[PDB]
Amino acid sequence: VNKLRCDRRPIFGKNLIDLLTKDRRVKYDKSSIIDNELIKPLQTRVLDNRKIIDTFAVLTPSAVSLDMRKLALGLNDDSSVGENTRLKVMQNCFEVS
Amino acid sequence: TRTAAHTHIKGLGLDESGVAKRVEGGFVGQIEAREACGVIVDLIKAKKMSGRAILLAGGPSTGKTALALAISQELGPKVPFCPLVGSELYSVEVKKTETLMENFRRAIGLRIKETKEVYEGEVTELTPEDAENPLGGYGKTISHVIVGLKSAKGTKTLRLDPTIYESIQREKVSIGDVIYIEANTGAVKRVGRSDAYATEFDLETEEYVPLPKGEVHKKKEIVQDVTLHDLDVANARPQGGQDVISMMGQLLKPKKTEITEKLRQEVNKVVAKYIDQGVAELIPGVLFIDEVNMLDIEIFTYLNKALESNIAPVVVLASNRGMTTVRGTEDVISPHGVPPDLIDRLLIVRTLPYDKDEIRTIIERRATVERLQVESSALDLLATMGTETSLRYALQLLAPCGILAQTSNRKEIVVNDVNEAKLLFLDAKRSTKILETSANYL
Amino acid sequence: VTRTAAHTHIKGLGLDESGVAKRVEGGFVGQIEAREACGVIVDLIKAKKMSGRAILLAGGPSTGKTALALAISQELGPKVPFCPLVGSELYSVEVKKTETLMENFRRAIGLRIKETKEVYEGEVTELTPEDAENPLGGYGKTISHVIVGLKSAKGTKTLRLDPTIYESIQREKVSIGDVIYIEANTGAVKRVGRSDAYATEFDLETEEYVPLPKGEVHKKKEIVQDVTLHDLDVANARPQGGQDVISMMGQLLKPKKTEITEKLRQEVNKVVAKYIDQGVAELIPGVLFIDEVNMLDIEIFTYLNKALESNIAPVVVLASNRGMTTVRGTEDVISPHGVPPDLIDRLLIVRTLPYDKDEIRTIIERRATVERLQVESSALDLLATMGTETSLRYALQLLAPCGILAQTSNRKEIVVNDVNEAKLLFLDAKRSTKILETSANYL
Amino acid sequence: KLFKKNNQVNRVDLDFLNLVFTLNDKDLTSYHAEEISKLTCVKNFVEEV
Amino acid sequence: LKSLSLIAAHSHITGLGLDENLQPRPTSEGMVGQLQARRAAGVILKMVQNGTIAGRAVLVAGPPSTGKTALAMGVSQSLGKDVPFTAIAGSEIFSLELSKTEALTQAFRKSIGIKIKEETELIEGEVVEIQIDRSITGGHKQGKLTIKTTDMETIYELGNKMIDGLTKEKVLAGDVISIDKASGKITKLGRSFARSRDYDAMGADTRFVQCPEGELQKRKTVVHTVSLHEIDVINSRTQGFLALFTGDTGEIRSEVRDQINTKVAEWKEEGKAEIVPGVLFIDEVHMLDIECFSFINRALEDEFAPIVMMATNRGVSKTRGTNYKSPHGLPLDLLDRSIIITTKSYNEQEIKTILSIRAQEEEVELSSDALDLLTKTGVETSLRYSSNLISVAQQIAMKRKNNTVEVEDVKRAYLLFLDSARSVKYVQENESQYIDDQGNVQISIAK
Amino acid sequence: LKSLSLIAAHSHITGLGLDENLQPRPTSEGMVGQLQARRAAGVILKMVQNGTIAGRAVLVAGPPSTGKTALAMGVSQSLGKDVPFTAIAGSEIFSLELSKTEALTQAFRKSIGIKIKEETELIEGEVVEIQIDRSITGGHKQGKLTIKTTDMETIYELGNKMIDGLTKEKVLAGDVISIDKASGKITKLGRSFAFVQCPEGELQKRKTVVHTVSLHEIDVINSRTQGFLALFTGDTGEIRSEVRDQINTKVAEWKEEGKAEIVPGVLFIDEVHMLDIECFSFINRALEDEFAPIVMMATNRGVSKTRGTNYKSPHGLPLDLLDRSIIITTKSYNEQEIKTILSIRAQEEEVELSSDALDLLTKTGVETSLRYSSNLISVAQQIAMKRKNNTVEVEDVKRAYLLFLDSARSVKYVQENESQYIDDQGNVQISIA
Ligand SMILES: Nc1ncnc2c1ncn2[C@@H]1O[C@H](COP(=O)(O)OP(=O)(O)O)[C@@H](O)[C@H]1O
Ligand SMILES: Nc1ncnc2c1ncn2[C@@H]1O[C@H](COP(=O)(O)OP(=O)(O)O)[C@@H](O)[C@H]1O
Ligand SMILES: Nc1ncnc2c1ncn2[C@@H]1O[C@H](COP(=O)(O)OP(=O)(O)O)[C@@H](O)[C@H]1O
Ligand SMILES: Nc1ncnc2c1ncn2[C@@H]1O[C@H](COP(=O)(O)OP(=O)(O)O)[C@@H](O)[C@H]1O
Ligand SMILES: [Mg+2]
Ligand SMILES: [Mg+2]
Ligand SMILES: [Mg+2]
Ligand SMILES: [Mg+2]
């Protein structure tokens, strides 16, 4: 236990997490502007272009391989990844919208 | 307090729409040149003409970049200024055309001014104003909400329509905590608890903001400036925190693609929508491209195409070339390496070298900027050697001269000190001569 | 059965203790000077004191540059690290060649590391967290630390297990009564399978029914494994992997190779110095061998001009087979072996020599012994001759067809007729160009 | 299965040997590491010894 | 001492051989001669230490093996640590993934460095006990926890928000934890030593550190030596440190460079961050492309322009990227805004002193007449050749096992290993033996 | 309208300015002279407005300063709305990350446009009262709305989507809102007295909706899922020919169906005198395509070495293009015509010119070039305002002329200023002695 403590304890990061979180942080306050409505983000653009995306989407991939989507990420009944890794990714994908 | 062969220029050194002073703003000579420069600056300040180009030509040591920095200084920080070089146009990540387009859109800038009344301070009291609903109902009916707000040297009680309850639910503030209110749009914002409450708990993570300065109600101005290129990038780049596209932005290599022209026309349309309303205002910028000789014929053709645009600001070109072969076609030899098609579409200014008195003034002004002083003898000999060797060789010897004077503990320079300074370092001509006189591959 | 590809006939330089190379030894006949110089280079590398030196081997083809390089690699031993390299291998597509050649330079040197770990085994009966009878006012007593009595037949102990090791336990979906294997430090969980007690419960089961391995619960083992420097380089630059979803995503992020910054290398160097002060690790030098150097770009030459200046540069041995040749990537830069003089200023030139008829006879008979093929004296003389006038390589290539022609004639020895028929059915470069001179349409 | 032969006998974890510091900055402040390194408390096991 | 002790090309030079008056001793510090070059290098080093002006370039002129790289690295060593010194090559800048202008931008950025200081106020103390009335009253009853240190101990109230905070990072007391005074964030460091015997095997999380000594909360300032380029990288990407280590900078746009410069100026005027003068050195710059030359000419006039060091042995020759020639193989535009230092070949006295110091660095004992003949070889050959000769002679001597390197030892070492002149003569006299440039070589031996 | 148009060399021209019989006026709608060029432009205009024929490309050539892009801008603005016009630089197509050929295909496809029509219904009126019935926990909110206009005043139940939309935005019962039932959008026009909106007429109306869409966006959005973001960002390319011809068949059967009508636009390509033979061969093929919009191609170089071939191809173009392409050539301008163009520019940019000053400006423009006169007429404004009068005198323009040099005189100057500047080798005399 003494040697375990002597070896495990000296674990030091490269620079920090405080350094990155303080350089990322900006001293500027909120200072809200109309830029929020001006930008109209990409997700909102997809949302508001519903009419055109539903009126101009006709084709289909006439051939597709079933269950190849599962093996694309490697999740299936038999794989080298963890047993409940596939369960967790399936669940969070269920919540991810 | 640091500089790099510059910062001695103080604008253009002009007068009130007259003739520039002979030695003004760290300038000597080229009175006609910098008067034309001031004319150019006035044209930029006019903000009317679109897609106008100009090139200044001369030899080495002519101070073209110093003049360009003079335009940049005279413009002021409010006016955007985007320096550029023909070397960075050749980009591995994306084509030279798109890099040119982005540097083009960087020069132009958009300014927006915003107005909003602010109610802020410590919430002294919260109470609804119950009333009688027009339709008979056993339930309660509140018609107003009275909030008591306390700021520095002033307190205020304001009635609020009971629609403010939804905002107060979105904020979760009850009492003893400073809030943020605006007049017309309503809503609430929470900044933090009152600073006097910190002593209540020995240990807590909440920083307690002080009582806001000034009265409870305020009306401040918001000024913001953004280049159209930044708005293009913001409208183009995705943003998110949870959606799949959010970390598709991550776990990859974010590369700048060629922005579609429909995005540019749409953002121009919204800029028009916000400038006619008066919220936005457009001020043209300038793109400073020096050593344009290094650019290829493709860049010249695209500049010819793009100079006619109506969001095209003034562009200034700098090059020391003359009758030289154009990059891309060895047969085509054009003045300053630029094909004559652009030259006809732009204006041209000739630059001349500096005289012995002007070099003396340059040396003395540089010494004063360096905060190191030169006596008459060393100044004269340094001027003579600068006239015979080159401008830069005399210009850059001040630091070794100063450090050598410091080694001998003398504040100023003397004849043997500057003689040693010449001895240690050799200029281009001496280097070439020792090159031909050396057979050891040196 | 026995496979031979132009090699395995040499077992190193095999020089004497005085350094003198005998006439015939270890697949080497004659060639005293180059073998002695190579032994001197071995004495250089075994000194374990000097770095940054380099040498280039020069001469015409078929003289045994590859043979000498393989000999020095063999005598150095598998413990001593070696990095073969070809000139065409340097030219990559993902990152610039400088990163690749620094990668090879780091790959040259190695370092063995002493380490000790703890071993545990036994079958599983308990899946319970800490009961924590005292609530203390902060705990609704329960923890993601499942206490398991490690039921080995020879010992049992209840362990407070990390959420990660218990998560790996859940990955194996263990039940009551099955052997488990865990680690004190890493917590790695592997199960040999269900115990043979539960074998009779199911008439069939995918899970394998296994007996309990013999041994104590807590066992301690030490390793002195040798790992090269650049495996640690890539592991530090990019984490290798893990069973958890977070590690799965992390290794899914960036699996491609890019440049390597020096700060991590220097930190690793400092911690290795700390280890050698502790005695945990001991460094070993490295050798880098480059093939067909005449084609290298002038930029590579310029960078290698300063690569040897670095204190981490190991000995790099070089081979070239050119005379007055212009350096590739240049126009008028012409020099011996196509290498700029600035590089060769610090290098040492060693030259190989041709051979006499007896040497060809000796190498031919050594080869014939290598492929356990017996030949007659007259056929041996013919092979030695035609090798002298045509090439050694042609004779070596057609050695096997001679034996095949003997075998299809139900003969175990090569005769004059065998080599004559082989020459009938195969032609060397000389008669190839003779035939192609008189070509109707480039015959 | 032909590749999952016993490697623990000849594999180095290299994670317990604090040489994976590129992942350490995710959840570590510099001053915390500085203060936890200087609290390498020897002689506490030695006094029990 | 922290770096590798393996003998590099120049493991005998450590710093600068000048005095306070910048006068070089003939044999000092490990480098001999180049008195004018040493004085000029010391002038440049003193000006770098001054750091009051920038945007200047310096070049050294001399034949190969004259000491250009030696002088550059000696100047770097005399500069010392914590002063950002960047050494790059003119060949590696040609990046197939990064634009050469962008690569030069990072090369300039890494040369200059900035020191940033930060003050911290944290509460450090070992917890004694925690008592929360979570059942008698529930709902964050504002329980009391006692915190001890080796010199003092107090009991701290816990608020409702503090109850929720301590609900995470659960601590059962008997454990050393620290909480930031400002942000109230609690960090669990490790238990006390009394917890070492709870179980035989524990995971990587449990640690047993000593109780913090002194008062409860303390003030400490932390200074960081962080250059500009890494800040650019970390601001460019959500996680820029991985791009820093791997090098996948992604061609950082110049739009954030103005913002980072403004932030640097704000920190400088606030006093939060200070800059440190930097030195950039490039070896064998004679090979270089004209786009790089133009970008260097442009960037030399910027305020953030560290001193740039060049080394070149080329005479008047062609520049890469253009058909025509130029002095030193370099455009006259660069020579205009530069100062050139001339270096010369060493004489027999300097050569023998260099051989002696190199042998001392190699720990190779020599003889007087052996030294004389080695110096004769070094003057007939190049200087770098005799060093290798004596290097090999050391192992040949230990083969002979007779201590010092012998005269016949060096003679046999020279006999076994060909010099450049002998190699060229052998190639010329046996051009048929070697594969000629045209692709013709005589394979047959018998005529 | 309401679009930014700054002072530019192509802003003054507004339309072709030619009669119904296509004989242009000498000075009309921004152009002076080039009567044959303007009537040829009208010929191309009637070609494109007919739209029956496809696969037509033209050559406009000649020396510089011939108003080639001036005529191009004139015909483009004559096209105006209801027709897409694409202008592309020749050097723009050269991309290292984007395949040239398929980028050219999508360039053609951008010119072709499809207009789809559909009729939608909507309700407009003044809101009367806001009333909802909801629960704090169970939800199941039941909103009701009273709407009114000048003639109809009625109450309607507000569904879940409408009540959610009304809650998501701050609404006032005095506001005037418009709702489309099929799409559910809320169009808050204005407000009643606290306030501009004043609704009238029928409460519910049905109106048509038309989308001006080009075939290129159909192709890119149907190529893959990320086609939307690729369109909005530009990181697309290498679209498979399968979706290409599938969408071609789909639009063909929709056109024969009569559901939507195609509008074959006009493509403009510039300075193709510098280009690749790959481009030339591919456009030779693509001109024969059935879905080929009219292509405007401009050039300025005469006989020169076409890039990609050693030989000096005549006119800077290969003969295969000249076989299938019709040529339009423009002549120079007389001194009177140049004066008229300068007067048109001055009227466009509103600067008073003295008669003698304008005449000498015209004569020096004829002497040097008309671009020089174009920039001199701009700098004359600032020269004249620095002396505080909008009128430009002879001394203003003479000062401008002596201030700024022309290309020819600067060339001659550097002929006498050779030594002061480096040569092609790089030899200069920075010194004076
Ligand atoms: N009017 C002036 N007065 C003083 N110094 C000047 C003046 N004009 C130029 N300079 C000098 O010229 C230098 C800039 O030259 P630069 O434009 O880079 O060279 P070039 O014009 O040959 O390209 C500055 O360092 C400045 O000291
Ligand atoms: N002196 C030698 N003794 C024994 N075998 C030799 C000798 N020289 C060459 N060889 C043979 O040459 C073969 C390798 O040739 P290689 O060295 O690749 O040709 P090159 O000289 O072009 O590099 C080996 O199989 C080896 O048996
Ligand atoms: N001041 C010095 N003292 C001792 N040896 C030196 C000195 N300068 C150069 N050398 C010798 O020069 C060799 C390196 O030459 P280098 O300076 O790299 O050539 P270049 O000038 O082309 O960079 C080394 O072997 C070293 O022994
Ligand atoms: N008939 C005209 N009416 C108005 N402007 C014209 C006329 N002819 C030429 N111009 C002017 O001449 C310029 C021609 O430039 P452009 O067509 O781009 O190339 P080029 O100079 O080779 O003709 C236009 O900017 C335009 O203002
Ligand atoms: Mg300049
Ligand atoms: Mg070979
Ligand atoms: Mg060197
Ligand atoms: Mg035109």
# chains A, B, ... in the order shown; residues from 1 in each chain; ligands from 1
$ residues_around --residues "stretch 424-438 of chain E" --least-positions-apart "2" --cutoff "6 Å" --atoms "only C-alpha atoms" --output "list in words"
residues 60, 322, 323 and 325 of chain C; 421, 422, 440, 441 and 442 of chain E
$ write_last_selection --atoms "N, CA and C atoms" --output "PDB file, in the first residue's frame"
ATOM      1  N   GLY C  60      29.134  -1.176 -55.609  1.00  0.00           N
ATOM      2  CA  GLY C  60      28.289  -1.697 -56.657  1.00  0.00           C
ATOM      3  C   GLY C  60      27.333  -2.756 -56.151  1.00  0.00           C
ATOM      4  N   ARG C 322      25.609   4.289 -56.053  1.00  0.00           N
ATOM      5  CA  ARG C 322      25.669   5.205 -57.183  1.00  0.00           C
ATOM      6  C   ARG C 322      27.027   5.892 -57.245  1.00  0.00           C
ATOM      7  N   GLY C 323      27.376   6.349 -58.445  1.00  0.00           N
ATOM      8  CA  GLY C 323      28.592   7.108 -58.648  1.00  0.00           C
ATOM      9  C   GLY C 323      28.319   8.592 -58.768  1.00  0.00           C
ATOM     10  N   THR C 325      26.186  11.068 -59.427  1.00  0.00           N
ATOM     11  CA  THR C 325      24.744  11.162 -59.594  1.00  0.00           C
ATOM     12  C   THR C 325      24.238  12.462 -58.989  1.00  0.00           C
TER      13      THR C 325
ATOM     14  N   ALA E 421      37.606  12.624 -49.694  1.00  0.00           N
ATOM     15  CA  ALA E 421      38.491  12.708 -50.852  1.00  0.00           C
ATOM     16  C   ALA E 421      38.806  11.324 -51.406  1.00  0.00           C
ATOM     17  N   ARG E 422      39.156  10.382 -50.525  1.00  0.00           N
ATOM     18  CA  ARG E 422      39.435   9.021 -50.973  1.00  0.00           C
ATOM     19  C   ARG E 422      38.192   8.373 -51.566  1.00  0.00           C
ATOM     20  N   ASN E 440      23.778   3.072 -66.424  1.00  0.00           N
ATOM     21  CA  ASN E 440      24.623   2.029 -66.982  1.00  0.00           C
ATOM     22  C   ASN E 440      25.712   1.657 -65.984  1.00  0.00           C
ATOM     23  N   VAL E 441      25.903   0.356 -65.788  1.00  0.00           N
ATOM     24  CA  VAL E 441      26.912  -0.146 -64.863  1.00  0.00           C
ATOM     25  C   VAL E 441      27.352  -1.519 -65.348  1.00  0.00           C
ATOM     26  N   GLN E 442      28.653  -1.778 -65.249  1.00  0.00           N
ATOM     27  CA  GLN E 442      29.230  -3.038 -65.698  1.00  0.00           C
ATOM     28  C   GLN E 442      29.066  -4.084 -64.602  1.00  0.00           C
TER      29      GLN E 442
END
$ residues_near_ligand --ligand "ligand 4" --cutoff "7 Å" --atoms "only C-alpha atoms and all ligand atoms" --output "number ranges by chain"
F: 9-10, 13, 30-34, 63-71, 300, 341
$ write_last_selection --atoms "N, CA and C atoms" --output "compact mmCIF listing (two decimals), in the first residue's frame"
# COMPACT_ATOMS: atom_id res chain seq x y z
N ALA F 9 -19.64 51.02 -61.91
CA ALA F 9 -19.55 51.22 -63.35
C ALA F 9 -20.70 50.58 -64.12
N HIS F 10 -21.50 49.74 -63.47
CA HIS F 10 -22.64 49.10 -64.11
C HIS F 10 -23.97 49.51 -63.49
N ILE F 13 -26.30 52.00 -66.15
CA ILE F 13 -27.10 51.33 -67.17
C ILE F 13 -28.32 50.71 -66.52
N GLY F 30 -29.08 53.88 -70.53
CA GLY F 30 -27.76 53.74 -69.98
C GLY F 30 -26.65 53.51 -71.00
N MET F 31 -26.97 53.10 -72.22
CA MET F 31 -25.94 52.84 -73.22
C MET F 31 -25.95 53.90 -74.31
N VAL F 32 -24.75 54.26 -74.76
CA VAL F 32 -24.54 55.16 -75.88
C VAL F 32 -23.74 54.41 -76.94
N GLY F 33 -24.21 54.45 -78.18
CA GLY F 33 -23.49 53.76 -79.23
C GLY F 33 -23.68 52.25 -79.15
N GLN F 34 -22.81 51.54 -79.86
CA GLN F 34 -22.87 50.08 -79.97
C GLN F 34 -24.25 49.63 -80.42
N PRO F 63 -11.32 44.04 -78.29
CA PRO F 63 -10.30 44.60 -77.40
C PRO F 63 -10.90 44.94 -76.05
N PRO F 64 -10.09 45.37 -75.08
CA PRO F 64 -10.66 45.89 -73.83
C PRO F 64 -11.45 47.16 -74.09
N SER F 65 -12.10 47.64 -73.03
CA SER F 65 -12.82 48.91 -73.04
C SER F 65 -13.97 48.93 -74.04
N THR F 66 -14.56 47.77 -74.34
CA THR F 66 -15.64 47.68 -75.32
C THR F 66 -17.01 47.45 -74.69
N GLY F 67 -17.12 47.58 -73.37
CA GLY F 67 -18.41 47.42 -72.71
C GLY F 67 -19.01 46.04 -72.83
N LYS F 68 -18.18 45.00 -72.82
CA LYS F 68 -18.69 43.64 -72.90
C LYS F 68 -19.52 43.29 -71.66
N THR F 69 -18.95 43.47 -70.47
CA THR F 69 -19.73 43.24 -69.26
C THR F 69 -20.76 44.33 -69.03
N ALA F 70 -20.57 45.51 -69.62
CA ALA F 70 -21.62 46.52 -69.60
C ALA F 70 -22.87 46.01 -70.32
N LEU F 71 -22.68 45.45 -71.51
CA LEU F 71 -23.81 44.86 -72.23
C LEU F 71 -24.36 43.66 -71.48
N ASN F 300 -11.50 38.56 -73.69
CA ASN F 300 -10.77 39.77 -74.04
C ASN F 300 -9.47 39.52 -74.78
N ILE F 341 -21.03 59.22 -73.01
CA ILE F 341 -20.95 58.24 -71.92
C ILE F 341 -20.49 58.91 -70.64
$ residues_near_ligand --ligand "ligand 3" --cutoff "6 Å" --atoms "only C-alpha atoms and all ligand atoms" --output "mmCIF file with C-alpha atoms, in the first residue's frame"
data_model
loop_
_atom_site.group_PDB
_atom_site.id
_atom_site.type_symbol
_atom_site.label_atom_id
_atom_site.label_comp_id
_atom_site.auth_asym_id
_atom_site.auth_seq_id
_atom_site.Cartn_x
_atom_site.Cartn_y
_atom_site.Cartn_z
ATOM 1 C CA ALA E 9 27.213 17.192 -31.997
ATOM 2 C CA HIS E 10 28.114 20.015 -29.583
ATOM 3 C CA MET E 31 33.821 27.165 -27.606
ATOM 4 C CA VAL E 32 37.077 28.510 -29.033
ATOM 5 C CA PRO E 64 29.990 24.460 -43.314
ATOM 6 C CA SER E 65 31.461 23.324 -39.979
ATOM 7 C CA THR E 66 32.482 26.905 -39.135
ATOM 8 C CA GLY E 67 30.292 27.070 -36.023
ATOM 9 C CA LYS E 68 27.066 28.732 -37.217
ATOM 10 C CA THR E 69 24.866 26.114 -35.550
ATOM 11 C CA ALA E 70 27.361 25.950 -32.679
ATOM 12 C CA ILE E 354 38.549 21.882 -30.636
ATOM 13 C CA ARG E 384 33.922 17.135 -38.404
#
$ residues_around --residues "stretch 334-351 of chain C" --least-positions-apart "4" --cutoff "8 Å" --atoms "only C-alpha atoms" --output "PyMOL selection string"
(chain C and resi 34+37+53-59+294-295+301-302+304-305+320-328) or (chain E and resi 64+382+384-385+388+416-420+423-424+427)
$ closest_residue --among "E:39, E:189, E:61, E:131" --to "residue D:34" --atoms "only C-alpha atoms"
E:189
$ interface_residues --of "chain F" --to "chain B" --cutoff "8 Å" --atoms "only C-alpha atoms" --output "ChimeraX atom specification"
/F:2-10,64,89,91-92,94-97,231-235,271,369,371-372,375,378-379,382,386,403-407,411,414-415,420-424,430-433
$ write_last_selection --atoms "C-alpha atoms" --output "PDB file, in the first residue's frame"
ATOM      1  CA  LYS F   2     -35.036  48.456 -51.193  1.00  0.00           C
ATOM      2  CA  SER F   3     -31.746  46.795 -52.183  1.00  0.00           C
ATOM      3  CA  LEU F   4     -28.261  48.244 -51.837  1.00  0.00           C
ATOM      4  CA  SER F   5     -26.752  49.581 -55.081  1.00  0.00           C
ATOM      5  CA  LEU F   6     -23.615  51.647 -54.523  1.00  0.00           C
ATOM      6  CA  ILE F   7     -21.934  53.800 -57.173  1.00  0.00           C
ATOM      7  CA  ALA F   8     -20.540  51.318 -59.695  1.00  0.00           C
ATOM      8  CA  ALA F   9     -19.546  51.225 -63.353  1.00  0.00           C
ATOM      9  CA  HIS F  10     -22.640  49.097 -64.110  1.00  0.00           C
ATOM     10  CA  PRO F  64     -10.657  45.888 -73.831  1.00  0.00           C
ATOM     11  CA  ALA F  89     -15.808  34.088 -63.260  1.00  0.00           C
ATOM     12  CA  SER F  91     -10.923  31.551 -62.857  1.00  0.00           C
ATOM     13  CA  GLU F  92     -13.486  30.791 -60.133  1.00  0.00           C
ATOM     14  CA  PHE F  94     -10.545  26.225 -60.560  1.00  0.00           C
ATOM     15  CA  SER F  95     -10.927  24.477 -57.193  1.00  0.00           C
ATOM     16  CA  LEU F  96      -8.576  22.023 -55.495  1.00  0.00           C
ATOM     17  CA  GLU F  97     -11.140  20.398 -53.177  1.00  0.00           C
ATOM     18  CA  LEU F 231     -26.477  24.186 -49.750  1.00  0.00           C
ATOM     19  CA  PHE F 232     -26.482  26.662 -46.864  1.00  0.00           C
ATOM     20  CA  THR F 233     -22.692  26.350 -46.460  1.00  0.00           C
ATOM     21  CA  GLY F 234     -21.212  25.274 -49.806  1.00  0.00           C
ATOM     22  CA  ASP F 235     -19.416  22.103 -48.653  1.00  0.00           C
ATOM     23  CA  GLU F 271     -12.441  35.740 -69.109  1.00  0.00           C
ATOM     24  CA  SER F 369      -8.446  55.511 -71.751  1.00  0.00           C
ATOM     25  CA  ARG F 371     -11.442  54.043 -67.247  1.00  0.00           C
ATOM     26  CA  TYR F 372      -9.022  56.863 -66.455  1.00  0.00           C
ATOM     27  CA  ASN F 375     -11.937  57.620 -62.037  1.00  0.00           C
ATOM     28  CA  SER F 378     -14.940  60.746 -59.387  1.00  0.00           C
ATOM     29  CA  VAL F 379     -11.833  62.410 -57.940  1.00  0.00           C
ATOM     30  CA  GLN F 382     -13.519  65.757 -54.015  1.00  0.00           C
ATOM     31  CA  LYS F 386     -12.183  70.927 -51.187  1.00  0.00           C
ATOM     32  CA  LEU F 403      -1.687  64.046 -59.478  1.00  0.00           C
ATOM     33  CA  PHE F 404      -2.533  60.569 -60.809  1.00  0.00           C
ATOM     34  CA  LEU F 405      -0.620  58.984 -63.677  1.00  0.00           C
ATOM     35  CA  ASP F 406      -1.854  56.790 -66.513  1.00  0.00           C
ATOM     36  CA  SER F 407      -0.533  53.333 -67.362  1.00  0.00           C
ATOM     37  CA  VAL F 411       5.460  52.724 -68.169  1.00  0.00           C
ATOM     38  CA  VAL F 414       9.853  53.352 -65.293  1.00  0.00           C
ATOM     39  CA  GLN F 415      11.651  53.174 -68.641  1.00  0.00           C
ATOM     40  CA  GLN F 420      16.260  52.855 -59.413  1.00  0.00           C
ATOM     41  CA  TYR F 421      14.271  49.586 -59.457  1.00  0.00           C
ATOM     42  CA  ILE F 422      15.458  45.969 -59.507  1.00  0.00           C
ATOM     43  CA  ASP F 423      15.524  44.107 -62.797  1.00  0.00           C
ATOM     44  CA  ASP F 424      14.021  40.684 -63.431  1.00  0.00           C
ATOM     45  CA  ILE F 430      19.456  51.677 -53.648  1.00  0.00           C
ATOM     46  CA  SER F 431      22.420  54.011 -53.131  1.00  0.00           C
ATOM     47  CA  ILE F 432      22.885  57.374 -54.832  1.00  0.00           C
ATOM     48  CA  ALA F 433      26.659  57.497 -55.385  1.00  0.00           C
TER      49      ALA F 433
END
$ residues_around --residues "residue C:121" --least-positions-apart "6" --cutoff "9 Å" --atoms "only C-alpha atoms" --output "compact mmCIF listing (two decimals) with C-alpha atoms, in the first residue's frame"
# COMPACT_ATOMS: atom_id res chain seq x y z
CA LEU C 150 -13.94 -13.63 -3.46
CA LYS C 151 -14.74 -17.32 -2.99
CA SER C 152 -11.62 -19.18 -3.98
CA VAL C 179 -14.84 -18.11 -11.31
CA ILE C 180 -13.65 -14.51 -11.72
CA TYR C 181 -10.27 -12.85 -12.23
CA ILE C 182 -9.66 -9.28 -11.02
CA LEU C 212 -11.56 -23.25 -10.49
CA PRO C 213 -7.88 -22.55 -11.28
CA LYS C 214 -5.49 -23.61 -8.53
CA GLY C 215 -3.68 -20.91 -6.57
CA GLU C 216 -4.03 -18.41 -3.76
CA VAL C 217 -6.42 -15.46 -3.90
CA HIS C 218 -3.82 -12.69 -3.67
CA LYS C 219 -0.80 -13.37 -5.90
